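The chain below stands alone, shown as structure tokens; this is the form deposited in one PDB entry.
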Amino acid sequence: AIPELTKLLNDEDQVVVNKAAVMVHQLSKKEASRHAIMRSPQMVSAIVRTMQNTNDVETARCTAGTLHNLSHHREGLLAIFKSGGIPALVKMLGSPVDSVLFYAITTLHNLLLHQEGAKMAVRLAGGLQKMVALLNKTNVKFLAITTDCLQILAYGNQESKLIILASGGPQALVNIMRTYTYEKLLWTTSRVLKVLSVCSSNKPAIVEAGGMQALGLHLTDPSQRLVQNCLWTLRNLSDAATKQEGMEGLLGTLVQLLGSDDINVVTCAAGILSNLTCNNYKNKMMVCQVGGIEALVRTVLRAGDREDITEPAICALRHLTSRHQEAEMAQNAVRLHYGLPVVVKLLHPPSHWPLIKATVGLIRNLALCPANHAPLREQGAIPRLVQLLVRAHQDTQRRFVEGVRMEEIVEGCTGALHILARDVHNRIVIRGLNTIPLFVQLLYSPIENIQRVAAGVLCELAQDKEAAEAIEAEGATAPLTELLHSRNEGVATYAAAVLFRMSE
């Protein structure tokens, strides 16, 4: 039966070929005759050739339908692959007949899912460009299959990601997220955007297409798989969304999600908020206005020693406690929502270096508010900051530990101490811990930012006569005179102030 029809498929008369195509299709519908077609590598080559070369609507439907039935089995998937069926199927994607299109996209889906070598074959056949072009179709079930194909092709393949970008992929995918409500489609499209959102080229494009706001629409959808993929993609994109506006709604939802029972939801919300509030005074304002400080302190308390939650949450708190209209109110709110004890706790083991760095920065900002000077002292912040500083300095003098340079710890701790030293009782504590020798040694640091905070803390201390004499006794006049000529105006200003107080 099989070689008879293979001879009729290779006929010079196309009429004979058309009649043979309808017969081969009906045979693919039964299991006995289907395995017969799959066992013959000469029959499968004829079906592929018939499909690619036919100009007849029915023959294209029957040859594509036949190949679809083979794709249900491992033997048939291997047959279509070895018979060069992938480029033939790709050609069928330009078909104005829906039934031909639906056979091709589903067969290609099956090949991409279970057949080795198929992802490379589809790329080489120009499949990516054809698939991106079809994203203007309005059938949500077809769109769901097409987008899933793009996900398979883009995953772990920076080449494919770049092609999707060039073909207007980001804009088309964002449109789907703004236009449809069909969950299965929203979810598959969000998975494509997730894959693309780790690409340094695709990321600014997705953000420019309005991807942050589009993904924000679906954060309260009942579907948890859709919410989570939106959250992952949002986190990936969030470091490139600094200039975006129309973010009020997203920012409000993210604060709400901080109270979620899902730790993955909490982690992502904290991380997105952290990125979006980094040096964006308008976003800082919005997050504070919708109860962001309270939400973040509660998050830090509940998270305990889970640093995947506390690190982004503490970073967000650091951003929200400086350089915006409501910064003062936020500094106070951290105290009023019982946050100061837990913030000091995070300076201690088992906290790793990324979290310690963030916590020190937050304490530095908290100390800008005088009402936090005494509670920070009472909660034990000064001795721990000094211990951190002393050891960090030693580590630099001997020589990235957990991605963090110990210079960053020196600068951070000295900076926090510089701000805490505005209070008279804090200066007593700082001086009593024998810090002046270390602060004077820091004047000789190659790093200008360290010289600035070291000079600043010495400047605060020297306002008390006893401390000024100790600073002088440490031979500080020599480094300080040299620092008067620093290209850093902050260093030079502070050095002059210390020298002044040492001369009376």
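Superpose the two forms; the largest set of C-alphas matching within 1.5 Å is the rigid core. Throughout, we count residues from 1 along the sequence that is shown.
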Check whether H109 has no coordinates in at least a third of the other compared PDB entries of this protein, counting only entries that model residues on both sides of it. no
Look at the other compared PDB entries that model both sides of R399, then say whether a third or more of them leave it out. yes
Counting only residues of the deposited sequence, how many between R399 and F400 have no atoms in the entry (none, 1 to 3, 4 to 9, 10 or more)? 4 to 9
Please work out which of 385 to 393 and 325 to 333 has the higher mean CA B-factor as recorded in the PDB entry. 325 to 333
Mean CA B-factor: is it higher for 276 to 284 or for 126 to 134? 126 to 134
Highest recorded C-alpha temperature factor, please, choosing from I80, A241, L173, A421. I80
Per the deposited entry, the peak Cα B-factor within the set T477, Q441, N449, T54 goes to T54
Against its chain's modelled residues, does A454's Cα B factor rank lowest, middle or highest third? lowest
Give the position of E311 by CA B-factor within its chain, expressed as the lowest, middle or highest third. lowest
Among the modelled residues of its chain, the C-alpha B-factor of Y103 falls in the third labelled highest
Third of the chain, ranked by Cα B-factor, where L185 sits: middle
Ranked against its chain, the third holding the CA B-factor of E159: highest
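The same protein also exists as the form deposited in another entry; that form is not shown, yet it is the one meant from here on.
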Residue from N175, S260, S95, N280 whose Cα, after superposing the rigid core, lies 2 Å or more away between this form and the one not shown: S95
Relative to the superposed rigid core, does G117 relocate between this form and the one not shown - that is, does its Cα move 2 Å or more? yes
Do you see a C-alpha shift of 2 Å or more at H72 between this form and the one not shown, with the core held fixed? yes
Per-residue C-alpha change between this form and the one not shown, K82, threshold 2 Å, rigid core fit: yes
